[PDB]
Amino acid sequence: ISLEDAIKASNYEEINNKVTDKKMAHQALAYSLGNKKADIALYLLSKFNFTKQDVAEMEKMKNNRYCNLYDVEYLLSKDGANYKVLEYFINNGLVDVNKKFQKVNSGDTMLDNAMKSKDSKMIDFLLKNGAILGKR
Amino acid sequence: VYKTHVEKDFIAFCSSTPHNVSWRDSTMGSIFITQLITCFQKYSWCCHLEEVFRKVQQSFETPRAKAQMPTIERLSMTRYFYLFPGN
Amino acid sequence: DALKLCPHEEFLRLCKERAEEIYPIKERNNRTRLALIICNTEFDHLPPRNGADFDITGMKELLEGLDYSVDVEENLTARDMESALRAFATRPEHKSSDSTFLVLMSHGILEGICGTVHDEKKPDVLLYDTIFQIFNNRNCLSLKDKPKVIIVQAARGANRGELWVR
Amino acid sequence: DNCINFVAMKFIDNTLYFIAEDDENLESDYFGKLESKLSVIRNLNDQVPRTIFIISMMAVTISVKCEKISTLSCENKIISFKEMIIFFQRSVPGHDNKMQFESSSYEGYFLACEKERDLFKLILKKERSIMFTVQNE
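Here it is as structure tokens:
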């Protein structure tokens, strides 16, 4: 099958067989964020070491549908499922919490998505780390 | 200061007739958007907007899986609109 | 799967022969064509709209293929949709454009499209009439005498729209 | 209403199954849901080997013909097809073209259908729960 279907069905075998280069790790992390498969995303974030330039190059992925349209921060703040994954990027220091989206919903921040989803846990985690609104 | 109309040069292309449901596929997208993109790619160079839309409407003339007739609405255009792709 | 383009010859031909029968088309050298997509994929009380991502990708690609700078807004309430459209109607790039496109995709009723917090008890609906009002020559002079194309992927009722006839 | 329309029927091993249209994962861009009724459509003249359906006459007698004409019986409140009891035609609740049927001997119980995961089968039960109808035309 394919990588996205392997992430959806949690086919770790074909994932690890296909997941090789860190470009493939970028693609797989974006797919895990899009399909709200936080387990696969965290398994990849541990199986690979991600940098900030990694996040930039993820933002540069025209191939990945979720990254062709949505920002990585948008994917992290879309729904509560990616919460744990979000924590990683906030704790390992890879994304600015108050970065304004530039592709979809330009001008909004991750706190705006958290307000949309109406999730208490993500709002608390963002405010505790000093998150602000985008003032679109 | 010259006299003009308040509303002019509008066109709306709804995905279905009034009072009825429009259908969307969870794997490829909405049928209407699919056919619309298809007809735009295939015909926008030699046809105008309304002709592409009529191609779209013709592609729904015979109901396949579900029945759905996209309709033009609030058409206030005075001229024809050629997108002129590639220019 | 590729947009077939048009030879420049026919461009000149028709732009001269039908100069009165067709709309004016600006030159790509100076042409800030703008387009706006609004898409509600996930809602509060309503079923999700799975597959809309492909619609957004395709529409954005098609519009950028026609020299339209596409701006996408996702998951907006009806009032927020109104604000987005009003802001799109006040953008200055329109003064350098020859046309505009508004692609609006969500659930829908006869009166209009559905916002993310819509409900049968508490309706959150953007009426089509508001859309046509924001972009008329009274509130968006920058688009006067220019084609304003509105495409809407949304239901307009509850009936199936099918009949079994011999 | 949101009725299930059957485009084909399958009489195998003395058992008739009703094939339904392919939803093809197609979803509605409206908010709602309902699945209370079903109907067979005279596509390719399946309603009067193609497994054709036969309704005879108020009251009605039901027959299936797939190179083997067989009438229906509800005896012991159990559906059975025999190569050769009585049901009454009734107007479907909230419908004009549709027509349903009730048992003559075991009254109160009407013809119905259940789901074979991939197909749909005929049964008899009283007013999980799906009702069989026929278009009157």
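Chains as they are written, first to last, in PDB author numbering: chain C, 346 to 481; chain a, 291 to 377; chain A, 104 to 269; chain B, 8 to 55, 79 to 87, 96 to 122, 135 to 177, 183 to 192. We treat Cβ as the ideally placed atom computed from N, Cα and C, and that holds for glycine.
Beta-bridge partners of residue i, as assigned by DSSP
i	result
B:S111	B:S118
B:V98	B:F137
a:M318	Per DSSP, none; premise fails for a:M318.
B:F38	Answer by DSSP bridge pairing: none, since B:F38 is not bridged.
a:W313	B:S35
C:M406	Answer is none; C:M406 lacks a bridge partner.
A:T203	A:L137, A:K251
a:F300	A:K251
A:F235	Answer is none; A:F235 lacks a bridge partner.
C:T396	Answer by DSSP bridge pairing: none, since C:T396 is not bridged.
C:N361	C:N361 pairs with nothing; no bridge assigned.
A:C243	DSSP, once it has assigned bridges, lists no residue as partnering A:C243.
Inter-residue Cα distance where the pair is residue i and residue j
i	j	result
A:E123	A:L117	10 Å
A:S202	C:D453	27 Å
C:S462	a:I362	35 Å
B:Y37	B:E121	46 Å
residue 272 of chain A	a:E340	Residue coverage of chain A in this structure runs from 104 to 269, which leaves residue 272 of chain A outside it and unanswerable.
C:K405	C:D416	10 Å
A:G211	a:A357	17 Å
A:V220	a:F322	25 Å
B:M186	B:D146	16 Å
C:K429	C:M467	10 Å
residue 180 of chain B	B:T188	Within chain B, the sequence of modelled residues goes 177 then 183, so residue 180 of chain B has no position in this structure.
residue 220 of chain B	C:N356	The requested residue 220 of chain B is not part of the displayed model; chain B covers only 8 to 192.
a:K298	A:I125	15 Å
B:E177	B:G158	7 Å
A:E145	A:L179	10 Å
A:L188	C:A351	39 Å
C:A459	C:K423	7 Å
B:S141	B:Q190	10 Å
C:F393	C:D441	20 Å
B:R167	B:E152	26 Å
A:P110	C:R481	41 Å
C:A476	C:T365	35 Å
C:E432	A:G215	39 Å
B:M96	A:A258	41 Å
N-terminal and C-terminal residue of the beta strand (DSSP E) that residue i is part of
i	result
C:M369	That residue, C:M369, is in no beta strand (DSSP E); its alpha helix (DSSP H) goes 367-379.
A:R136	136-142
A:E176	171-177
B:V14	11-19
B:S86	82-86
B:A162	159-165
residue 129 of chain B	For residue 129 of chain B, no position is available: the coordinates of chain B end at 122 and pick up again at 135.
Segment limits, alpha helix (DSSP H) that includes residue i
i	result
C:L471	465-473
B:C104	No alpha helix (DSSP H) contains B:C104, which DSSP labels as neither H nor E.
residue 392 of chain a	The structure shown has nothing for residue 392 of chain a, since chain a only spans 291 to 377.
C:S422	417-422
C:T454	Run containing C:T454: none; DSSP gives neither H nor E here.
B:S46	It is not in any alpha helix (DSSP H) - B:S46 instead sits in the beta strand (DSSP E) that spans 44-47.
C:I435	428-436
A:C118	111-120
a:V346	339-349
B:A27	Segment 22-27 is the beta strand (DSSP E) holding B:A27; no alpha helix (DSSP H) there.
beta-carbon residue i near the ligand NAD non-hydrogen atom, thresh 6 Å
i	result
B:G39	Ligands displayed in this structure: none; no statement on the ligand NAD is therefore possible.
Within-7 Å CB hit, residue i to chain D
i	result
a:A357	No chain D appears in the structure shown, which is made up of the protein chains C, a, A and B.
Are at least three pairs of beta-carbons, each pair with one atom in the segment 131-144 of chain A and one in the segment 376-390 of chain C, less than 8 Å apart? In this structure the segment 131-144 of chain A does not lie against the segment 376-390 of chain C, because fewer than three pairs of beta carbons, one per stretch, are closer than 8 Å.
Check whether the segment 183-200 of chain A touches the segment 156-169 of chain A, counting contact only when three or more Cβ pairs, one atom from each stretch, lie closer than 8 Å. Output reads no: the segment 156-169 of chain A does not touch the segment 183-200 of chain A.
Quick check: the segment 297-311 of chain a against the segment 185-195 of chain A, are there 3 or more CB pairs under 8 Å? No: fewer than three Cβ pairs fall under 8 Å.
With contact counted as at least three CB pairs below 8 Å, one residue from each stretch, are the segment 164-175 of chain B and the segment 15-32 of chain B in contact? In the pairwise beta carbon analysis, the segment 164-175 of chain B is classified as touching the segment 15-32 of chain B: at least three pairs are separated by under 8 Å.
Select from the segment 424-448 of chain C all residues with a C-beta closer than 8 Å to any C-beta belonging to chain A, and list them in chain order. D424, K448: these are the residues of the segment 424-448 of chain C whose beta carbon lies less than 8 Å from some beta carbon of chain A, given in chain order.
Interface positions of the segment 306-323 of chain a facing chain B (Cβ-Cβ less than 8 Å), listed along the chain: Result list: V311, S312, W313, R314, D315, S316, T317, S320, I321.
Relative to chain B, which residues along the segment 329-346 of chain a have a C-beta separation below 7 Å, given in chain order? Cβ contacts with chain B: none found.
Three or more beta-carbon pairs under 8 Å between the segment 234-241 of chain A and the segment 162-169 of chain A, yes or no? Flag = no, the segment 234-241 of chain A and the segment 162-169 of chain A do not touch.
Beta carbons nearer than 9 Å to chain A: which residues of the segment 357-379 of chain C have them? Listed by position, the residues of the segment 357-379 of chain C near chain A (Cβ gap below 9 Å) are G379.
Contact between the segment 310-326 of chain a and the segment 33-51 of chain B is defined here as three or more beta-carbon pairs at a separation below 8 Å; is this criterion met? Yes, the segment 310-326 of chain a is in contact with the segment 33-51 of chain B.
Could you say if the segment 11-21 of chain B and the segment 216-234 of chain A meet the contact criterion of at least three C-beta pairs nearer than 8 Å? Fewer than three beta-carbon pairs drawn from the segment 11-21 of chain B and the segment 216-234 of chain A are found closer than 8 Å, and the two stretches are therefore not classed as touching.
Residues of the segment 154-167 of chain A in Cβ contact with chain C at a cutoff of 8 Å, in chain order, please. Hits within the stretch, in order: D156, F157, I159, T160, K163.
Between the segment 400-421 of chain C and chain A, which residues of the former have CB atoms less than 7 Å from a CB of the latter, in chain order? Result list: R410, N413, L414.
Near-chain a residues of the segment 244-257 of chain A - C-beta to any C-beta below 9 Å: Within the segment 244-257 of chain A, the residues whose Cβ lies closer than 9 Å to some Cβ of chain a are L246, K247, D248, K249, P250, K251, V252, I253, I254, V255, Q256, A257, listed in chain order.
Listed in chain order, which residues of the segment 450-463 of chain C have Cβ atoms closer than 9 Å to some Cβ of chain A? Those would be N450, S451, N458, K461, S462, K463, in chain order.
Cβ contact check for the segment 395-404 of chain C and the segment 434-450 of chain C: 3 or more pairs under 8 Å: Touching, per the Cβ criterion.
Under 9 Å (Cβ pairs) to chain a, residues found in the segment 257-269 of chain A: Listed by position along the chain: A257, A258, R259, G260, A261, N262, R263, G264, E265, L266.
Near-chain C residues of the segment 176-187 of chain A - C-beta to any C-beta below 7 Å: Within the segment 176-187 of chain A, the residues whose Cβ lies closer than 7 Å to some Cβ of chain C are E176, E177, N178, listed in chain order.
Can you pull out the residues from the segment 17-36 of chain B whose beta carbon lies closer than 9 Å to at least one beta carbon of chain a? Residues of the segment 17-36 of chain B that bring their beta carbon within less than 9 Å of a beta carbon in chain a comprise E28, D29, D30, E31, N32, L33, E34, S35, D36, in sequence order.
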